[PDB]
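What follows is one chain in structure tokens, specifically the form deposited in one PDB entry.
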């Protein structure tokens, strides 16, 4: 059993976690996902979670005080605190395997132009903290990244069932709009099919992801 807490100023945005694979994991009791409104830990009437940056620059920064109070309540020393950010360490399949073994993930979703760095620095004095990027593009907030991380991790947890690129796949009918399934796939020859598939995999990889094979671009 795993616990995932998500902290966000847009809790309704995390509703998709109830769909598809994460939803099935929740229904099967293999994970408990709880979503928390960060504004619950404010004390002013405006419920302000952001302020202008020290040193200048555009936009706003999330205040450390509100985050600190929230994480104080939700986290323990055993918690793995996950903070999505474009400036993070890369989240990869290896990360997903690693986090699939964790008892408690807390995902802190940032908005505006980022979270005051002292939040992560303070948390690291009590627990493990991982600032991570899910890809080289910029989101509007950490919530979509949270959904990506949760799905990539949960599909690996024991009980939710259990390199190179996969090549093309096909199913019935064997001919469609004048396009035929590769004959080898219809031949029933396991060795020849395995060989064709291995080849298609390496060919797609050099075209789409040459970096995976140690080439430029």
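Residue numbers count along the first chain shown, from 1. Between two forms, the rigid core is defined as the largest C-alpha subset superposing within 1.5 Å.
Unshown form deposited in another entry; subsequent notes refer to it.
Only one candidate in 29, 183, 55, 178 has its Cα displaced by 2 Å or more between the shown form and the other one after core superposition: 29. After superposition on the rigid core, the Cα of residue 202 moves by less than 2 Å between the shown form and the other one. The distance between the CA atoms of residue 32 and residue 21 is at least 3 Å shorter in the other form than in the form shown here. In the other form, the CA atoms of residue 21 and residue 37 come closer by at least 3 angstroms compared with the shown structure.
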